[PDB]
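Below: the sequence, then the experimentally determined structure.
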Amino acid sequence: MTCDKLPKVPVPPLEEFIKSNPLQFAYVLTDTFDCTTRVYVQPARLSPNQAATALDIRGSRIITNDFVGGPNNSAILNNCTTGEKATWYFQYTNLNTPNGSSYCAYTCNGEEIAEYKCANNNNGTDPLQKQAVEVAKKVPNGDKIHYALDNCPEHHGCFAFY
Amino acid sequence: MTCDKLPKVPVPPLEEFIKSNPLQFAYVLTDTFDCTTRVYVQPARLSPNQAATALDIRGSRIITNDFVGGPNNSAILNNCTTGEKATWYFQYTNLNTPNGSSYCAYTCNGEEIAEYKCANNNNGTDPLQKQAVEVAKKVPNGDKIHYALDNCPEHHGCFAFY
Amino acid sequence: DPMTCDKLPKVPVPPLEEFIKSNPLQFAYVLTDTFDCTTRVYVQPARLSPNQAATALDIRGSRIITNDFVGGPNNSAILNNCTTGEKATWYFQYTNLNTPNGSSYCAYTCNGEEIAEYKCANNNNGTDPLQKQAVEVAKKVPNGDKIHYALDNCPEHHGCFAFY
Amino acid sequence: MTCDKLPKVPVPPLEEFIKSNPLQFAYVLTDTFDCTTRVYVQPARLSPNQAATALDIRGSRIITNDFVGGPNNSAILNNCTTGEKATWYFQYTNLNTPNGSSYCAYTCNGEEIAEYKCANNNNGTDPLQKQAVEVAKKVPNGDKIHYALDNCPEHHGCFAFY
Ligand SMILES: N#C[C@H](O)c1ccccc1Cl
Ligand SMILES: N#C[C@H](O)c1ccccc1Cl
Ligand SMILES: N#C[C@H](O)c1ccccc1Cl
Ligand SMILES: N#C[C@H](O)c1ccccc1Cl
Ligand SMILES: N#C[C@H](O)c1ccccc1Cl
Ligand SMILES: N#C[C@H](O)c1ccccc1Cl
């Protein structure tokens, strides 16, 4: 019921995320991540630190964050444009089931939730995702968590991009 | 000698491209693909057509194109914002060698080259890439082909994105 | 250097007289194909206009698109399409009007962080160095890859310099 | 009473016409210039001949004519689309009074009036315009001269254009 107290499941291996690509966010907190597709990328061959990268794609705009594993099943995201760091966790993951992939992740401002991202590739049918969203919405600031896919731009022949 | 007569090698399996991710374009024709990172994405689980997607990323800007195989070792790209189609070929591919990946790809305007993209993840050291560029530069419009990675924006903690 | 449309420069809108003294201009770079082969003429408000909105005329042969405009906050102009009633909020990336080498500017309207339309006008055959740097910057924002040179393969004139 | 004998007042300086912009035609002869707004444009900076241009605007359509001074207080118009020439005169002008601007202009087919255009930006209140029209109507073919602004298309937020 406070953000610091939410579940922290192990971060799955990178290949599980790459196999899930692409995902879309069904629920988010700030309207930044509305109408958004997530793609995970392995580190560049010549990258010395070997950090993987999350791509958050909204139409023709992309947000990029390198990420590396931290303590307490955290990931630390490095905004590629800004240099800003955030500590993220998974509330749960459920990748590459026979009904597809879902997960919900979050980052905190102490006991409040600063950002929330629930991703899937199965149109929101995972029963885990339903229960996770209910829990998150009761954490302080969680009232802003909303369905992210309601009035999105029309497509021009691509399924996952517009 | 003319664009319509350039080599057209078989398109590698999608897995070989995804294993190469991310790449950058070392040589391009127009200014569009300067300072750009390419990421290949598989089709969304629920996509009926199962077209894969090419992501061309330059800072906060992304250009997206679904692609499918066509005749004569072609790929037909569908621009995801416009629905415009372009027929592309590979001049050569050399993916996932012990020295990394490279390829050069092109699209024609009759006998002229309209666009050219040479990708790698090994800082331009594949000897195939140098010979391919020297050939393409001699095709009509090919004089515009240029090194694409001078004076690109500075990074903020990520190796492959900015 | 600025990475999204919402972050582009917003210079002060010059007095309308500076635009009218620049008439007519042509668009060298645009985003959609609507404003290819296009000449711009600025018109003061009609004497009897209730709101004193000036008008931008975008002329392409025998066709015209018209937008009333008025000043808004943050150096914006709010445009009112006279045919449709559609409104849009425009800014100037830069203006360089009435120099000893003529006039140029680049203006834009955003769809949030993407550029929705772009219009680089001049009357000096695209020689202003500001215009080159501006175009390069605007192309790099989301959707800016569509910005193109607008004056290739336009219809032949019949004896008028600026209209066809 | 004959078109060739109508008054031919001096063509005012272009600046006086530009200061009057925009005008509308209250009376015209043919159907062509019903529901029409007139805007005058100076020559382009790079025009070698330095001819100004009259813009006749009717919704989304425009007729354009460069014009230059000729003998007898004439203007010679050059249609920018068709190349057609016509010799025009002013019956009177009354630009930039404290009650706004009006004028009446004409072109002849010998003794007949071929086209007539009375412009104003004061809703037709200049007494000169009334007397001019009554005179022109008595010229051969002047029976066709009519009020031009009756059943005009509805507007969408602009005063002078639709
Ligand atoms: N598979 C799947 C989802 O339907 C989807 C739709 C649009 C964009 C991305 C995704 Cl994953
Ligand atoms: N590996 C590698 C390359 O150096 C590189 C640098 C920057 C962006 C992408 C790539 Cl592939
Ligand atoms: N459309 C358009 C113009 O080029 C413009 C840009 C910015 C402010 C006003 C105007 Cl009319
Ligand atoms: N002055 C000038 C330009 O060359 C020009 C050519 C054609 C139409 C308009 C303009 Cl401004
Ligand atoms: N109204 C009118 C005429 O067509 C005209 C246009 C420009 C200059 C002179 C004249 Cl008479
Ligand atoms: N001022 C004035 C006139 O009433 C007018 C109305 C509509 C279009 C143009 C003009 Cl000048």
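Received the coordinates, thanks. Residues are numbered from 1 along each chain as shown, chains lettered A, B, ... in the order given. Ligands and ions are numbered 1, 2, ... in the order given.

tell me the centre residue of chain A?
residue A:117 (4.2 Å; Cα atoms, centre = their mean).

In the sheet, which residues pair with that one? Tell me.
In this entry, residue A:117 is beta-bridged to residue A:28, residue A:105, by DSSP bridges.

can you pull the contacts of residue A:24?
A:36, A:37, A:38, A:119, A:120, A:121, A:149, A:160 (Cβ atoms under 8 Å, 6 or more residues apart in numbering or on different chains). Placement of C-beta: from N, CA and C, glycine included.

Export the helix or strand hosting it to CSV, keeping only CA atoms.
Following DSSP states H and E, the helix or strand that holds residue A:24 is strand A:23-28. Extracted C-alpha coordinates of strand A:23-28, given in CSV (Å, rounded to 0.1, in the frame of the first residue of the first chain):
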residue,chain,number,x,y,z
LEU,A,23,5.2,-4.9,-26.1
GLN,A,24,2.8,-2.0,-25.5
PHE,A,25,1.9,-0.3,-22.3
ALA,A,26,-1.7,-0.9,-21.2
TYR,A,27,-1.4,1.1,-17.9
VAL,A,28,0.9,4.0,-17.1
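
Going C-terminal from that strand, what's the next secondary structure element?
That would be, after strand A:23-28 and using DSSP H and E, strand A:37-41.

Quickly run through the sheet partners of that following strand, with directions.
Going by DSSP bridges, the partners of strand A:37-41 are strand A:23-28 (antiparallel), strand A:52-58 (antiparallel).

of these, which approaches residue B:42 most closely?
Across those, residue B:42 has its closest neighbour in strand A:23-28 (11.6 Å, Cβ to Cβ).

you'd agree residue A:20 is up against residue A:94?
No: if you go by Cβ atoms under 8 Å, residue A:20 and residue A:94 don't touch, sitting 9.9 Å apart.

Return every residue with contacts to both of these two.
Between them, residue A:20 and residue A:94 share these contacting residues under Cβ under 8 Å, 6+ apart: residue A:101.

Dump the C-alpha coordinates for the longest strand along chain A into CSV.
The strand that spans the most residues within chain A, counting by DSSP state E, is strand A:85-97. These are the backbone C-alpha positions of strand A:85-97, laid out as CSV (Å, rounded to 0.1, in the frame of the first residue of the first chain):
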residue,chain,number,x,y,z
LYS,A,85,19.0,7.9,-13.3
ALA,A,86,16.0,6.1,-11.8
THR,A,87,15.7,2.9,-9.7
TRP,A,88,13.0,0.6,-11.1
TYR,A,89,11.5,-2.7,-9.9
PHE,A,90,9.1,-5.4,-11.3
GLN,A,91,5.9,-5.9,-9.4
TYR,A,92,5.7,-9.1,-11.4
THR,A,93,6.8,-10.6,-14.7
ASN,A,94,5.1,-13.2,-16.9
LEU,A,95,7.1,-13.4,-20.1
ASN,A,96,6.6,-15.8,-23.0
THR,A,97,3.7,-17.8,-21.8
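
do that strand and ligand 1 meet?
No: judged by Cβ under 6 Å from any ligand atom, strand A:85-97 stays clear of ligand 1, getting no closer than 12.7 Å.

in its sheet, what does that strand sit against?
Neighbouring strands of strand A:85-97 in its sheet, by DSSP bridges, are strand A:74-79 (antiparallel), strand A:100-109 (antiparallel).

okay, these, which one's buried deepest?
strand A:100-109 (a mean of 22; mean count of other Cβ atoms under 10 Å in any protein chain shown).

Take that strand, keep the C-alpha atoms, and write them as CSV.
Extracted C-alpha coordinates of strand A:100-109, given in CSV (Å, rounded to 0.1, in the frame of the first residue of the first chain):
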residue,chain,number,x,y,z
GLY,A,100,2.1,-14.1,-24.5
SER,A,101,3.9,-11.7,-22.2
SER,A,102,3.0,-9.2,-19.5
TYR,A,103,4.7,-7.4,-16.7
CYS,A,104,4.2,-4.4,-14.5
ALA,A,105,7.1,-2.3,-13.4
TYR,A,106,7.4,0.9,-11.2
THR,A,107,9.7,3.5,-9.8
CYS,A,108,9.1,5.3,-6.5
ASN,A,109,9.4,8.7,-4.9
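
The residue in chain A that ligand 4 sits nearest to - nearest residue in space that isn't next to it in sequence?
Taking Cβ to the nearest ligand atom, ligand 4 has its nearest neighbour within chain A at residue A:60, 31.0 Å off. Excluding the flanking residues, the one nearest residue A:60 by Cβ to Cβ, 6 or more residues apart in numbering or on different chains is residue C:142, at 3.9 Å.

Okay, the one you found and ligand 3: tell me how far apart.
Computed as Cβ to the nearest ligand atom, to the nearest Å, the residue C:142 to ligand 3 distance reads 19 Å.

most distant residue from the middle of chain A?
residue A:46 (26.0 Å).
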